[PDB]
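Shown here is one chain on its own, the form deposited in one PDB entry, set out as structure tokens.
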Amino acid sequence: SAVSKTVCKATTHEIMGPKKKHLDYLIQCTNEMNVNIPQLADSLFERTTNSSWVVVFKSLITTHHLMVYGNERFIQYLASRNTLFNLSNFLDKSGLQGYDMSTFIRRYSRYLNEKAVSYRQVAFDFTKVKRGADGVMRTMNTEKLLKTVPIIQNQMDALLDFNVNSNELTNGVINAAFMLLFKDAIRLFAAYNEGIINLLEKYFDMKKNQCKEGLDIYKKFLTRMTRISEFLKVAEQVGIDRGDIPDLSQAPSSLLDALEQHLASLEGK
């Protein structure tokens, strides 16, 4: 009940993101093994049944914050559910602000759903695993890599589909969501990029059908890069510390012709 009470405090009608003090409490909750994760999640789900965009959006932000900063047993539990958020028809018509925010609530809930689905499918969180030449994405074997990168790609699509303009970030609730989306985006991009580095190191030794898969992955990566650039430009326009924006220039983006020529040779007599 203390947990439920704090979920309520994190999700009041006040037009601002959940307060740090309540988020910090709920993080600590996830770290105590005696805490019942399903009951904490149920409280969050219940708030998403509220008619107010403010309450619903704040419950989603709280859930996202806990996925990012909480014990891994939290996202593990969300990933175990058959269904997560069901907000595809959400609409708060109480006012123009409610209309505006309803669209973003639908898109944000879809992203969190996909974040849980990604975790269910690969049994780790792309945004939090070890990086580098010795990290998870860089060391992954061929079969697993070909399976995994499309999952990253699907998660990134759902994130980018939030599709907000800088001039739409006009209240503290949506701004709070955006800051967490920004953090996930740069971390998810690093995983995507490492997956592609790995793919390119292996591509010219793969089987014909593996190369077809790899080439599809690469073409899709190139178009997502363009979208990620657009998303970072929104972050730049709104004022985010430029030192926090990653450099996309080092993504290995000039290999299309080589990949195609190699596959073409495999498809010849």
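Numbers for residues come from their place in the sequence shown, where the first is 1. Whichever C-alpha set is largest while still superposing within 1.5 Å between the two forms counts as the rigid core. Only residues modelled in both forms are compared.
Same protein, other form: the form deposited in another entry, not shown, and the subject of what follows.
If you fit the rigid core between this form and the one not shown, you'll see the Cα of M16 move by less than 2 angstroms. The rigid-core alignment places the CA of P246 less than 2 Å apart between this form and the one not shown. Between this form and the other one, the CA-CA gap for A190 and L256 widens by 3 Å or more, being larger in the other entry.
Mapped along the sequence, displacements between this form and the one not shown of 2 angstroms or more at every C-alpha, sustained over at least 3 residues after core alignment, occur solely at 250-262.
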